[PDB]
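Source file: protein-v7.cif (mmCIF, N, CA and C atoms)
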data_target
#
loop_
_atom_site.group_PDB
_atom_site.id
_atom_site.type_symbol
_atom_site.label_atom_id
_atom_site.label_comp_id
_atom_site.auth_asym_id
_atom_site.auth_seq_id
_atom_site.Cartn_x
_atom_site.Cartn_y
_atom_site.Cartn_z
ATOM 1 N N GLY Y 1 35.360 -5.532 79.927
ATOM 2 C CA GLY Y 1 36.069 -5.813 81.160
ATOM 3 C C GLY Y 1 37.464 -5.219 81.176
ATOM 4 N N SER Y 2 38.456 -6.032 80.828
ATOM 5 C CA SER Y 2 39.842 -5.581 80.808
ATOM 6 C C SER Y 2 40.504 -5.915 79.474
ATOM 7 N N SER Y 3 40.838 -4.880 78.710
ATOM 8 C CA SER Y 3 41.473 -5.062 77.410
ATOM 9 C C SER Y 3 42.989 -4.940 77.524
ATOM 10 N N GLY Y 4 43.702 -5.768 76.764
ATOM 11 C CA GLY Y 4 45.152 -5.738 76.795
ATOM 12 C C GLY Y 4 45.752 -7.076 77.179
ATOM 13 N N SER Y 5 47.059 -7.215 76.984
ATOM 14 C CA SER Y 5 47.753 -8.457 77.309
ATOM 15 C C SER Y 5 49.201 -8.182 77.702
ATOM 16 N N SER Y 6 49.662 -8.860 78.748
ATOM 17 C CA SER Y 6 51.028 -8.688 79.230
ATOM 18 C C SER Y 6 51.958 -9.724 78.607
ATOM 19 N N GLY Y 7 51.503 -10.973 78.572
ATOM 20 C CA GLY Y 7 52.306 -12.039 78.002
ATOM 21 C C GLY Y 7 53.053 -11.600 76.758
ATOM 22 N N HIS Y 8 54.301 -12.041 76.631
ATOM 23 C CA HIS Y 8 55.124 -11.688 75.481
ATOM 24 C C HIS Y 8 55.273 -12.875 74.535
ATOM 25 N N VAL Y 9 55.872 -12.629 73.373
ATOM 26 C CA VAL Y 9 56.077 -13.677 72.381
ATOM 27 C C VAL Y 9 57.553 -13.818 72.026
ATOM 28 N N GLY Y 10 57.983 -15.053 71.782
ATOM 29 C CA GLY Y 10 59.370 -15.300 71.434
ATOM 30 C C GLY Y 10 59.546 -16.565 70.618
ATOM 31 N N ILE Y 11 60.792 -16.881 70.282
ATOM 32 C CA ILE Y 11 61.092 -18.073 69.498
ATOM 33 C C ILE Y 11 61.207 -19.304 70.391
ATOM 34 N N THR Y 12 60.216 -20.186 70.304
ATOM 35 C CA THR Y 12 60.206 -21.404 71.104
ATOM 36 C C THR Y 12 61.000 -22.515 70.423
ATOM 37 N N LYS Y 13 61.214 -22.369 69.120
ATOM 38 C CA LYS Y 13 61.961 -23.357 68.352
ATOM 39 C C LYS Y 13 63.078 -22.696 67.552
ATOM 40 N N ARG Y 14 64.221 -22.491 68.199
ATOM 41 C CA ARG Y 14 65.366 -21.865 67.547
ATOM 42 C C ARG Y 14 65.914 -22.759 66.438
ATOM 43 N N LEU Y 15 66.352 -22.137 65.349
ATOM 44 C CA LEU Y 15 66.900 -22.875 64.215
ATOM 45 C C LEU Y 15 67.835 -23.985 64.688
ATOM 46 N N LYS Y 16 68.186 -24.884 63.775
ATOM 47 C CA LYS Y 16 69.076 -25.993 64.096
ATOM 48 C C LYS Y 16 70.062 -26.244 62.959
ATOM 49 N N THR Y 17 71.134 -26.972 63.261
ATOM 50 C CA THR Y 17 72.151 -27.285 62.266
ATOM 51 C C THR Y 17 71.603 -28.223 61.196
ATOM 52 N N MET Y 18 71.857 -27.888 59.936
ATOM 53 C CA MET Y 18 71.391 -28.703 58.820
ATOM 54 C C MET Y 18 72.552 -29.109 57.920
ATOM 55 N N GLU Y 19 72.783 -30.413 57.809
ATOM 56 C CA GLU Y 19 73.866 -30.930 56.979
ATOM 57 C C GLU Y 19 73.319 -31.557 55.700
ATOM 58 N N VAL Y 20 73.851 -31.124 54.561
ATOM 59 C CA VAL Y 20 73.418 -31.643 53.269
ATOM 60 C C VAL Y 20 74.605 -31.864 52.340
ATOM 61 N N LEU Y 21 74.370 -32.584 51.249
ATOM 62 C CA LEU Y 21 75.420 -32.868 50.278
ATOM 63 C C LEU Y 21 75.415 -31.839 49.152
ATOM 64 N N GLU Y 22 76.595 -31.328 48.819
ATOM 65 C CA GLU Y 22 76.724 -30.335 47.758
ATOM 66 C C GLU Y 22 75.823 -30.681 46.576
ATOM 67 N N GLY Y 23 74.778 -29.882 46.383
ATOM 68 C CA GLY Y 23 73.855 -30.119 45.289
ATOM 69 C C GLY Y 23 72.562 -30.761 45.751
ATOM 70 N N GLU Y 24 72.147 -30.444 46.974
ATOM 71 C CA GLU Y 24 70.920 -30.998 47.532
ATOM 72 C C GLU Y 24 69.954 -29.887 47.930
ATOM 73 N N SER Y 25 68.793 -30.278 48.447
ATOM 74 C CA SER Y 25 67.778 -29.316 48.863
ATOM 75 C C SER Y 25 67.474 -29.458 50.351
ATOM 76 N N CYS Y 26 67.707 -28.386 51.101
ATOM 77 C CA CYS Y 26 67.459 -28.390 52.538
ATOM 78 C C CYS Y 26 66.396 -27.360 52.909
ATOM 79 N N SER Y 27 65.428 -27.781 53.716
ATOM 80 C CA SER Y 27 64.349 -26.898 54.141
ATOM 81 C C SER Y 27 64.402 -26.661 55.647
ATOM 82 N N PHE Y 28 64.862 -25.478 56.039
ATOM 83 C CA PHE Y 28 64.965 -25.126 57.450
ATOM 84 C C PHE Y 28 63.582 -24.898 58.056
ATOM 85 N N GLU Y 29 63.448 -25.209 59.341
ATOM 86 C CA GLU Y 29 62.178 -25.040 60.039
ATOM 87 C C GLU Y 29 62.323 -24.064 61.203
ATOM 88 N N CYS Y 30 61.337 -23.188 61.360
ATOM 89 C CA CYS Y 30 61.355 -22.200 62.432
ATOM 90 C C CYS Y 30 59.938 -21.885 62.905
ATOM 91 N N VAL Y 31 59.683 -22.118 64.188
ATOM 92 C CA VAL Y 31 58.369 -21.859 64.765
ATOM 93 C C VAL Y 31 58.426 -20.720 65.775
ATOM 94 N N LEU Y 32 57.406 -19.869 65.758
ATOM 95 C CA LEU Y 32 57.340 -18.735 66.674
ATOM 96 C C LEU Y 32 56.217 -18.921 67.689
ATOM 97 N N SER Y 33 56.507 -18.614 68.949
ATOM 98 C CA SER Y 33 55.522 -18.749 70.016
ATOM 99 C C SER Y 33 54.126 -18.395 69.513
ATOM 100 N N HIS Y 34 54.037 -17.318 68.741
ATOM 101 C CA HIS Y 34 52.760 -16.871 68.194
ATOM 102 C C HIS Y 34 52.812 -16.814 66.670
ATOM 103 N N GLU Y 35 51.667 -16.539 66.054
ATOM 104 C CA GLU Y 35 51.583 -16.457 64.600
ATOM 105 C C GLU Y 35 52.438 -15.309 64.070
ATOM 106 N N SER Y 36 52.826 -14.407 64.966
ATOM 107 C CA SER Y 36 53.643 -13.258 64.588
ATOM 108 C C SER Y 36 53.169 -12.667 63.265
ATOM 109 N N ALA Y 37 51.857 -12.517 63.126
ATOM 110 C CA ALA Y 37 51.275 -11.961 61.910
ATOM 111 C C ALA Y 37 51.532 -10.461 61.815
ATOM 112 N N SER Y 38 51.363 -9.764 62.933
ATOM 113 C CA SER Y 38 51.573 -8.321 62.974
ATOM 114 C C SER Y 38 52.717 -7.912 62.052
ATOM 115 N N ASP Y 39 53.903 -8.447 62.319
ATOM 116 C CA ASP Y 39 55.079 -8.139 61.513
ATOM 117 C C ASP Y 39 55.509 -9.352 60.694
ATOM 118 N N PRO Y 40 55.994 -9.098 59.469
ATOM 119 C CA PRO Y 40 56.447 -10.156 58.562
ATOM 120 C C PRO Y 40 57.734 -10.819 59.042
ATOM 121 N N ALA Y 41 58.109 -11.913 58.387
ATOM 122 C CA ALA Y 41 59.321 -12.640 58.745
ATOM 123 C C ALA Y 41 60.368 -12.541 57.640
ATOM 124 N N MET Y 42 61.637 -12.623 58.024
ATOM 125 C CA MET Y 42 62.733 -12.543 57.065
ATOM 126 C C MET Y 42 63.597 -13.798 57.122
ATOM 127 N N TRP Y 43 64.259 -14.106 56.012
ATOM 128 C CA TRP Y 43 65.120 -15.281 55.937
ATOM 129 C C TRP Y 43 66.487 -14.918 55.366
ATOM 130 N N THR Y 44 67.528 -15.102 56.171
ATOM 131 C CA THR Y 44 68.888 -14.794 55.746
ATOM 132 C C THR Y 44 69.794 -16.012 55.875
ATOM 133 N N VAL Y 45 70.107 -16.634 54.742
ATOM 134 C CA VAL Y 45 70.967 -17.811 54.728
ATOM 135 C C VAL Y 45 72.378 -17.455 54.273
ATOM 136 N N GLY Y 46 73.357 -17.730 55.130
ATOM 137 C CA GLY Y 46 74.739 -17.432 54.799
ATOM 138 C C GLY Y 46 75.105 -15.990 55.085
ATOM 139 N N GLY Y 47 74.177 -15.078 54.811
ATOM 140 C CA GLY Y 47 74.429 -13.668 55.047
ATOM 141 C C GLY Y 47 73.862 -12.787 53.952
ATOM 142 N N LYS Y 48 72.745 -13.211 53.373
ATOM 143 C CA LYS Y 48 72.100 -12.454 52.306
ATOM 144 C C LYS Y 48 70.581 -12.549 52.411
ATOM 145 N N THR Y 49 69.887 -11.641 51.734
ATOM 146 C CA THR Y 49 68.429 -11.624 51.751
ATOM 147 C C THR Y 49 67.856 -12.452 50.607
ATOM 148 N N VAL Y 50 67.042 -13.445 50.952
ATOM 149 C CA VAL Y 50 66.426 -14.311 49.955
ATOM 150 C C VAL Y 50 64.906 -14.209 50.001
ATOM 151 N N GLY Y 51 64.349 -14.304 51.205
ATOM 152 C CA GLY Y 51 62.908 -14.219 51.364
ATOM 153 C C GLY Y 51 62.159 -14.841 50.203
ATOM 154 N N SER Y 52 61.419 -14.018 49.468
ATOM 155 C CA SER Y 52 60.646 -14.496 48.327
ATOM 156 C C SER Y 52 61.495 -14.500 47.060
ATOM 157 N N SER Y 53 61.807 -15.696 46.568
ATOM 158 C CA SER Y 53 62.616 -15.839 45.364
ATOM 159 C C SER Y 53 62.343 -17.177 44.683
ATOM 160 N N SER Y 54 62.611 -17.237 43.382
ATOM 161 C CA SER Y 54 62.391 -18.456 42.611
ATOM 162 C C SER Y 54 63.061 -19.651 43.282
ATOM 163 N N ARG Y 55 64.339 -19.496 43.611
ATOM 164 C CA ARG Y 55 65.097 -20.563 44.256
ATOM 165 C C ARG Y 55 64.659 -20.739 45.706
ATOM 166 N N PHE Y 56 64.789 -19.675 46.492
ATOM 167 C CA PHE Y 56 64.408 -19.713 47.900
ATOM 168 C C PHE Y 56 62.950 -19.303 48.079
ATOM 169 N N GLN Y 57 62.100 -20.277 48.389
ATOM 170 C CA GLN Y 57 60.679 -20.018 48.587
ATOM 171 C C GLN Y 57 60.304 -20.135 50.060
ATOM 172 N N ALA Y 58 60.455 -19.036 50.792
ATOM 173 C CA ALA Y 58 60.131 -19.014 52.214
ATOM 174 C C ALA Y 58 58.624 -19.096 52.434
ATOM 175 N N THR Y 59 58.100 -20.316 52.464
ATOM 176 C CA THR Y 59 56.672 -20.530 52.665
ATOM 177 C C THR Y 59 56.275 -20.268 54.114
ATOM 178 N N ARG Y 60 54.972 -20.166 54.357
ATOM 179 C CA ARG Y 60 54.464 -19.915 55.700
ATOM 180 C C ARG Y 60 53.254 -20.796 55.997
ATOM 181 N N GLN Y 61 53.224 -21.367 57.196
ATOM 182 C CA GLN Y 61 52.123 -22.234 57.601
ATOM 183 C C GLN Y 61 51.648 -21.887 59.009
ATOM 184 N N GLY Y 62 50.541 -21.156 59.091
ATOM 185 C CA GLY Y 62 50.002 -20.768 60.381
ATOM 186 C C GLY Y 62 51.028 -20.076 61.255
ATOM 187 N N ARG Y 63 51.639 -20.832 62.160
ATOM 188 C CA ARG Y 63 52.645 -20.283 63.061
ATOM 189 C C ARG Y 63 53.994 -20.965 62.853
ATOM 190 N N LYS Y 64 54.289 -21.311 61.605
ATOM 191 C CA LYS Y 64 55.547 -21.969 61.269
ATOM 192 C C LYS Y 64 56.068 -21.491 59.917
ATOM 193 N N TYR Y 65 57.383 -21.544 59.743
ATOM 194 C CA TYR Y 65 58.006 -21.115 58.497
ATOM 195 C C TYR Y 65 58.959 -22.183 57.970
ATOM 196 N N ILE Y 66 58.953 -22.375 56.655
ATOM 197 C CA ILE Y 66 59.817 -23.365 56.023
ATOM 198 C C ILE Y 66 60.557 -22.767 54.832
ATOM 199 N N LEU Y 67 61.840 -22.481 55.025
ATOM 200 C CA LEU Y 67 62.664 -21.907 53.965
ATOM 201 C C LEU Y 67 63.353 -23.002 53.157
ATOM 202 N N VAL Y 68 62.934 -23.158 51.905
ATOM 203 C CA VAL Y 68 63.514 -24.167 51.026
ATOM 204 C C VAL Y 68 64.734 -23.622 50.292
ATOM 205 N N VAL Y 69 65.801 -24.414 50.261
ATOM 206 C CA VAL Y 69 67.032 -24.012 49.590
ATOM 207 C C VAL Y 69 67.350 -24.940 48.423
ATOM 208 N N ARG Y 70 67.532 -24.356 47.243
ATOM 209 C CA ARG Y 70 67.840 -25.130 46.047
ATOM 210 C C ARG Y 70 69.266 -24.856 45.575
ATOM 211 N N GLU Y 71 69.879 -25.855 44.948
ATOM 212 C CA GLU Y 71 71.242 -25.721 44.449
ATOM 213 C C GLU Y 71 72.203 -25.360 45.579
ATOM 214 N N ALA Y 72 72.140 -26.123 46.666
ATOM 215 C CA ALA Y 72 73.004 -25.885 47.816
ATOM 216 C C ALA Y 72 74.475 -25.943 47.418
ATOM 217 N N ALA Y 73 75.210 -24.880 47.730
ATOM 218 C CA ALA Y 73 76.629 -24.811 47.407
ATOM 219 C C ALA Y 73 77.479 -24.777 48.672
ATOM 220 N N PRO Y 74 78.787 -25.032 48.514
ATOM 221 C CA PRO Y 74 79.733 -25.036 49.634
ATOM 222 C C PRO Y 74 79.974 -23.638 50.194
ATOM 223 N N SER Y 75 79.978 -22.644 49.313
ATOM 224 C CA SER Y 75 80.199 -21.262 49.720
ATOM 225 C C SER Y 75 79.154 -20.821 50.741
ATOM 226 N N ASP Y 76 77.888 -20.864 50.336
ATOM 227 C CA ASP Y 76 76.793 -20.470 51.215
ATOM 228 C C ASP Y 76 77.035 -20.959 52.639
ATOM 229 N N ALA Y 77 77.514 -22.192 52.763
ATOM 230 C CA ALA Y 77 77.790 -22.778 54.070
ATOM 231 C C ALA Y 77 78.484 -21.774 54.984
ATOM 232 N N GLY Y 78 77.911 -21.562 56.165
ATOM 233 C CA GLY Y 78 78.488 -20.626 57.113
ATOM 234 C C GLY Y 78 77.643 -20.470 58.361
ATOM 235 N N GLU Y 79 76.735 -19.499 58.340
ATOM 236 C CA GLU Y 79 75.861 -19.246 59.480
ATOM 237 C C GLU Y 79 74.527 -18.662 59.026
ATOM 238 N N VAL Y 80 73.441 -19.352 59.363
ATOM 239 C CA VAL Y 80 72.104 -18.903 58.991
ATOM 240 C C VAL Y 80 71.490 -18.040 60.087
ATOM 241 N N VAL Y 81 70.655 -17.087 59.684
ATOM 242 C CA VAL Y 81 69.999 -16.195 60.632
ATOM 243 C C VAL Y 81 68.541 -15.964 60.250
ATOM 244 N N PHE Y 82 67.681 -15.850 61.257
ATOM 245 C CA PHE Y 82 66.259 -15.627 61.026
ATOM 246 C C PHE Y 82 65.727 -14.525 61.938
ATOM 247 N N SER Y 83 65.421 -13.374 61.349
ATOM 248 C CA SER Y 83 64.907 -12.240 62.107
ATOM 249 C C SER Y 83 63.411 -12.059 61.868
ATOM 250 N N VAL Y 84 62.705 -11.596 62.895
ATOM 251 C CA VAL Y 84 61.267 -11.376 62.797
ATOM 252 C C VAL Y 84 60.774 -10.465 63.915
ATOM 253 N N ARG Y 85 60.083 -9.394 63.537
ATOM 254 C CA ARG Y 85 59.555 -8.443 64.507
ATOM 255 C C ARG Y 85 60.615 -8.080 65.544
ATOM 256 N N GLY Y 86 61.881 -8.197 65.155
ATOM 257 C CA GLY Y 86 62.968 -7.878 66.062
ATOM 258 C C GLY Y 86 63.785 -9.098 66.439
ATOM 259 N N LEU Y 87 63.106 -10.150 66.878
ATOM 260 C CA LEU Y 87 63.777 -11.384 67.275
ATOM 261 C C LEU Y 87 64.799 -11.809 66.224
ATOM 262 N N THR Y 88 65.717 -12.684 66.620
ATOM 263 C CA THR Y 88 66.749 -13.171 65.714
ATOM 264 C C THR Y 88 67.347 -14.482 66.213
ATOM 265 N N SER Y 89 67.703 -15.359 65.280
ATOM 266 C CA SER Y 89 68.284 -16.650 65.628
ATOM 267 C C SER Y 89 69.584 -16.884 64.865
ATOM 268 N N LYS Y 90 70.215 -18.026 65.118
ATOM 269 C CA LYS Y 90 71.466 -18.373 64.457
ATOM 270 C C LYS Y 90 71.593 -19.884 64.290
ATOM 271 N N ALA Y 91 72.309 -20.302 63.250
ATOM 272 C CA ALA Y 91 72.509 -21.721 62.981
ATOM 273 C C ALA Y 91 73.734 -21.945 62.102
ATOM 274 N N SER Y 92 74.051 -23.210 61.849
ATOM 275 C CA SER Y 92 75.203 -23.560 61.026
ATOM 276 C C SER Y 92 74.795 -24.488 59.885
ATOM 277 N N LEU Y 93 75.317 -24.217 58.695
ATOM 278 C CA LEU Y 93 75.007 -25.025 57.521
ATOM 279 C C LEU Y 93 76.255 -25.735 57.005
ATOM 280 N N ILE Y 94 76.142 -27.044 56.799
ATOM 281 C CA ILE Y 94 77.259 -27.838 56.303
ATOM 282 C C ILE Y 94 76.980 -28.365 54.900
ATOM 283 N N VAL Y 95 77.972 -28.246 54.022
ATOM 284 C CA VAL Y 95 77.835 -28.713 52.648
ATOM 285 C C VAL Y 95 79.069 -29.493 52.206
ATOM 286 N N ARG Y 96 78.952 -30.816 52.194
ATOM 287 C CA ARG Y 96 80.059 -31.677 51.793
ATOM 288 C C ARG Y 96 80.014 -31.956 50.293
ATOM 289 N N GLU Y 97 81.140 -31.734 49.621
ATOM 290 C CA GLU Y 97 81.228 -31.960 48.183
ATOM 291 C C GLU Y 97 80.666 -33.330 47.814
ATOM 292 N N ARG Y 98 79.926 -33.381 46.711
ATOM 293 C CA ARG Y 98 79.329 -34.628 46.248
ATOM 294 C C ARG Y 98 80.340 -35.768 46.305
ATOM 295 N N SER Y 99 79.835 -36.998 46.360
ATOM 296 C CA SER Y 99 80.695 -38.174 46.423
ATOM 297 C C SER Y 99 79.981 -39.398 45.856
ATOM 298 N N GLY Y 100 80.714 -40.501 45.738
ATOM 299 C CA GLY Y 100 80.137 -41.723 45.211
ATOM 300 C C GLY Y 100 80.321 -41.852 43.712
ATOM 301 N N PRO Y 101 80.478 -43.096 43.235
ATOM 302 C CA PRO Y 101 80.667 -43.380 41.810
ATOM 303 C C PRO Y 101 79.404 -43.123 40.996
ATOM 304 N N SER Y 102 78.254 -43.198 41.656
ATOM 305 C CA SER Y 102 76.974 -42.976 40.992
ATOM 306 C C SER Y 102 76.915 -41.580 40.380
ATOM 307 N N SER Y 103 76.012 -41.399 39.421
ATOM 308 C CA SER Y 103 75.855 -40.113 38.752
ATOM 309 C C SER Y 103 74.418 -39.615 38.863
ATOM 310 N N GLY Y 104 74.246 -38.298 38.781
ATOM 311 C CA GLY Y 104 72.919 -37.716 38.876
ATOM 312 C C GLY Y 104 72.869 -36.301 38.334
#

Rendering of file as structure tokens:
Amino acid sequence: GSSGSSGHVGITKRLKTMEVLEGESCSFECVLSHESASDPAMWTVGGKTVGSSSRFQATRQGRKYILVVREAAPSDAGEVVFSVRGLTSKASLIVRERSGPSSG
């Protein structure tokens, strides 16, 4: 019949602000209108490339992505970005120095 598609794809769930305590683990969430399989996804936290790494394990679930961050530091805190097949997002990361008499 008729092959082809006009509908486009975009980010329906733009990143969000994530606040954590210096020395914690934060997992950002990002969903794309489509599975965006054609082209791979990238993860840039603070302003560097992490993608696949021991510390940063950017997992993938169907049409969703979960970037896990280990050993969260105050420096990294700044502005997160997520690019994919061209698209791009932005967010803010907060890291408050540890507190409390307790130890860990």

Spell out the residues picked by the PyMOL selection byres ((chain Y and resi 16) around 8) here, as a list in words.
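Listing what the PyMOL selection byres ((chain Y and resi 16) around 8) selects in the shown file: residues 13, 14, 15, 17, 18, 19, 28, 29, 30, 90, 91, 92 and 93 of chain Y.
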
Which is closer to residue 50 in chain Y than all the others in Y:35, Y:81, Y:64, Y:20, using only C-alpha atoms?
Y:81

Selected residue of minimal separation from residue 99 in chain Y among Y:83, Y:22, Y:75, Y:37, counting only N, CA and C atoms:
Y:22

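A straight line drawn from CA of residue 26 in chain Y to atom N of residue 68 in chain Y is 6.9 Å long.
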
Looking at only N, CA and C atoms, which of Y:32, Y:80, Y:21, Y:95 is the one that sits closest to residue 45 in chain Y?
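For residue 45 in chain Y, the nearest of the candidates is Y:80.
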